[PDB]
Every structure is written in structure tokens, then in C-alpha cells.
Amino acid sequence: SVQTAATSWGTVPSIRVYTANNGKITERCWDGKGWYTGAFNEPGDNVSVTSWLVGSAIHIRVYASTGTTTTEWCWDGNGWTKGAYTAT
Amino acid sequence: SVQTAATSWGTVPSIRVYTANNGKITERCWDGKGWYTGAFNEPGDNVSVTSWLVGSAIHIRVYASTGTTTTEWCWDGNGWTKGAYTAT
Amino acid sequence: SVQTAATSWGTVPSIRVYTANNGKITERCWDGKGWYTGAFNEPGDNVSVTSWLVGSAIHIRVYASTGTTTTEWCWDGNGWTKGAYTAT
Ligand SMILES: OC[C@@]1(O)OC[C@@H](O)[C@@H](O)[C@@H]1O
Ligand SMILES: OC[C@@]1(O)OC[C@@H](O)[C@@H](O)[C@@H]1O
Ligand SMILES: OC[C@@]1(O)OC[C@@H](O)[C@@H](O)[C@@H]1O
Ligand SMILES: OC[C@@]1(O)OC[C@@H](O)[C@@H](O)[C@@H]1O
Ligand SMILES: OC[C@@]1(O)OC[C@@H](O)[C@@H](O)[C@@H]1O
Ligand SMILES: OC[C@@]1(O)OC[C@@H](O)[C@@H](O)[C@@H]1O
């Protein structure tokens, strides 16, 4: 079936839910005022996530896997980009 | 195989492990005194979870997926009910 | 495909990413100075993780599933061992 991963921060809270569906990962967002579709959209059959909130900054790492390849996607306040993670 | 999701809170800690097995999700609980079966029992082939502890209250969100449909289940101190999450 | 689970702690942060690939789970680690392969290596087709940081101690629980059997693996500062978790 589709596969999801979820993270949250703060006391509102903010929630992010990533869904791998038919080889694509998309993102749904809650910040206390309704669910909406987030900027994250990348290929993947499987997804995991972790996040850490430091001061006023949320940092999110999304691990997107297709076949035997995992790509780390990083949110550090300014859009999503690929991170240095490799599986080795 | 079966698929799991896990969350924890506090310093004991409390742990909740959700297992999607044969289309059903069940919950195992640790609060420092042995594992036991929790109240959560809902359909699903895939599960993710996030939680946040505010004051004396734990809030848990379990995302249960079957086919292309994801249902959010909410614990806010008074049993499990479906939440407003949709995948859109 | 391969399946992952991720956790993080502190402000560096430390990150651990577990990958179930071809029936084996391995671990990649970030502590602020490059990714490296961690000590965790156990059988599994599916993996989830949770962790909690208390004082100077990180506690990690990895739930590794093969077929209908889930094994909990515990890090409490001194290597990985099986924990008391059962699915019942
Ligand atoms: O709009 C909210 C948003 O910026 O929050 C941080 C990340 O979750 C982004 O993908 C998302 O678009
Ligand atoms: O700032 C990005 C980065 O350094 O963050 C920590 C890890 O997620 C790394 O893989 C990643 O490249
Ligand atoms: O009995 C413990 C319990 O109430 O803890 C909160 C939730 O995890 C519930 O499903 C569970 O039954
Ligand atoms: O109190 C329940 C609720 O508002 O909590 C925040 C989100 O999980 C929503 O989808 C959900 O309906
Ligand atoms: O070397 C870093 C390490 O000790 O960190 C704690 C656990 O993640 C271990 O598996 C790992 O080897
Ligand atoms: O110290 C190990 C242990 O007691 O930690 C809490 C739970 O993870 C238990 O299953 C596990 O045996």
C-alpha cells in the first residue's frame, strides 16, 4: 500500500506527514490551521523522517528510497535540497 | 513482512509500538512496568506515528494506510478517534 | 524497495538511519563530522526506531521485523542487545 512517515514539533504542534504513493513522495502539513500540501515532492517508494527544533529553526531530514538507493532531503529553513547522506 | 512504528515520551520512558500485521494495526505499550496490549486496534497495512508531550498530556497521531487511503487516528487523553487529516 | 527509519538527538544533531535491505538492517551515523557505519547489524525486513536522551545518555530502541516476528534491540550506552518486547 502507500507508506507514510510523520514528525511534529512545538506545542501547536506543527505536523508533517510524508506519503510514498506509486513511486512519489508528497507532504501534508498542519500548523494548527488546517492541512495543506507542502513543498516536498520527490521520487520514492519508501520514506522516513526525523526533525529537530533549535531556537526558531526547524530542521527536517527525509530519507527517500527507490530500489537500493536512498536520498536524504534536507529542510533547513530555505527549501529542500539533497544532503550528504550515503548508504555505503 | 509485518511493519512497525514507534514513539516514546518522558524519562521512564513510555513507549508505544504499532504493528501492521495482516491488514490490522495493534499497539504494544511500555510504561516502565512490562509490555501490554493497548487500546488501539484499527485496519491498516502500513503505519506511522508521531507524538508530543505537553504538560501532563500526551498527544499521539497514528497514520494508518490501506491501499491509497490514509486515516489519522488521534489520542488526546480520552480514547482514539479519527482526525481531520486527508491526503488530498 | 529498501526501507528506512531515522532518529536524532541534541542540537548537532546526532542522527541514526537504519536501513532494512535484502533482509538485513544496518545503521548509518552522523554526529556532526561525516556519515559512518554504526555497530548495529541484525536481520530484518522492516525497521522502526525511537530514542530518548536523558542527561548524558542516549537510549535507542530498534524494532526489527522478519515475517511475523519482531525483535526489539536496545542501545543503553554499552552495545546492542535484545530487549523484553514481545508482540503477543
Ligand atoms: O509551507 C510549509 C513548509 O514550508 O513547512 C516546511 C516544510 O515542511 C515545507 O516543505 C513546507 O512547504
Ligand atoms: O546541513 C546539511 C547536512 O550537513 O545536515 C546534516 C546531515 O543531514 C548531512 O547529511 C547534511 O548534508
Ligand atoms: O493503556 C495505556 C493507553 O491508554 O496509553 C495511551 C494509548 O497508547 C492507549 O491506546 C493505551 O491503551
Ligand atoms: O485534535 C485533533 C486534531 O485537530 O489534531 C491536530 C491534527 O492531528 C488534526 O488532523 C486533528 O483533527
Ligand atoms: O559509533 C557510534 C555508535 O556507538 O553510536 C551509538 C549507536 O548508534 C551505535 O550503534 C554506534 O556504533
Ligand atoms: O533496559 C531495557 C528495557 O527494559 O528497556 C525498556 C524496554 O525497551 C524493554 O523492552 C527493555 O527490555
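Every number in this text was worked out from the coordinates using simple rules, so none of it is lab data. All Cβ positions, even for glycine, are placed from backbone atoms using ideal geometry, and neighbour counts span all protein chains on display.
Can you name the residue in segment B:70-88 that is surrounded by fewer than 16 Cβ atoms within 10 Å (Cβ to Cβ) and either within 15 Å of the chain's Cα centre (by Cα) or not in a loop (DSSP other than H, G, I, E, B) (or both) and, of all such residues, is farthest from the other protein chains (Cβ to nearest Cβ)?
B:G79
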Open item on the list: So the check is Cβ under 6 Å with 6+ separation or different chains; which pairs have a first residue in segment B:63-84 that's farther than 16 Å from B:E27 by Cβ and among the β-branched types (V, I, T) and a second one that's assigned to a loop (DSSP other than H, G, I, E, B) and within 16 Å of ligand 1 (Cβ to nearest atom)?
Closed with: B:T70/B:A87
- [ ] Take segment C:42-66 and flag every residue that is outside any strand (DSSP E or B) and of a type in the set (S, T, Y).
- [x] C:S56
Task: Cross-chain or 6+ apart pairs with Cβ under 6 Å, segment C:29-55 first and in contact (Cβ under 8 Å) with a residue 12 or more places away in the chain, then within 16 Å of ligand 4 (Cβ to nearest atom) - done: C:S48/B:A5; C:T50/B:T7
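Could you run through segment C:53-83 and say how many residues are out of contact with any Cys (no Cβ under 9 Å at 6 or more places or on another chain), under 24 Å from B:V2 (Cβ atoms) and not polar (S, T, N, Q)? Lay out the reasoning, then the answer.
So the first thing to find is which residues in segment C:53-83 are out of contact with any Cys (no Cβ under 9 Å at 6 or more places or on another chain), and the list is C:53-58, C:63-79.
Still in the running and under 24 Å from B:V2 (Cβ atoms): C:63-75.
Narrowing the set further to residues that are not polar (S, T, N, Q) leaves C:63-64, C:67, C:72-75.
Of the residues in that region, 7 qualify.
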- [ ] Go through B:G32, B:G55, B:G67, B:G44 for me and flag whichever is out of contact with any strand residue (DSSP E or B) (no Cβ under 9 Å at 6 or more places or on another chain), away from ligand 5 (no atom under 16 Å from the Cβ), more than 9 Å from chain C (Cβ to nearest Cβ) and closer than 30 Å to C:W75 by Cβ.
- [x] B:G55
Open item on the list: Given the condition at the interface with chain C (Cβ under 9 Å from one of its Cβ atoms), away from ligand 4 (no atom under 16 Å from the Cβ), touching a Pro at 6+ places or on another chain (Cβ under 9 Å) and free of Cβ contacts under 8 Å to residues at least 40 places away in the same chain, answer yes or no: does some residue in segment B:1-21 qualify?
Closed with: no
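Just to be sure before I move on: is A:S56 among the small types (G, A, S) and within 9 Å of the chain's Cα centre (by Cα) in the structure I sent? Don't jump to the end; show me each part of the working.
Details: among the small types (G, A, S): yes; within 9 Å of the chain's Cα centre (by Cα): no.
No.
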Open item on the list: I want to confirm something. Restricting to segment B:37-69 and keeping residues that are among the β-branched types (V, I, T) and touching a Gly at 6+ places or on another chain (Cβ under 9 Å), which single residue is farthest from ligand 4 (Cβ to nearest atom)?
Closed with: B:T66
Open item on the list: Please verify whether C:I25 is on the phi < 0 side of the Ramachandran plot and more than 10 Å from chain A (Cβ to nearest Cβ), treating the condition exactly as stated.
Closed with: yes
TODO: Inspect all residues belonging to segment B:66-84 and state whether any of them is within 16 Å of ligand 1 (Cβ to nearest atom) and closer than 21 Å to A:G38 by Cα.
DONE: no
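Would you say B:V47 is farther than 22 Å from A:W35 by Cα and away from ligand 2 (no atom under 16 Å from the Cβ)?
For B:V47, the condition - farther than 22 Å from A:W35 by Cα and away from ligand 2 (no atom under 16 Å from the Cβ) - is not met.
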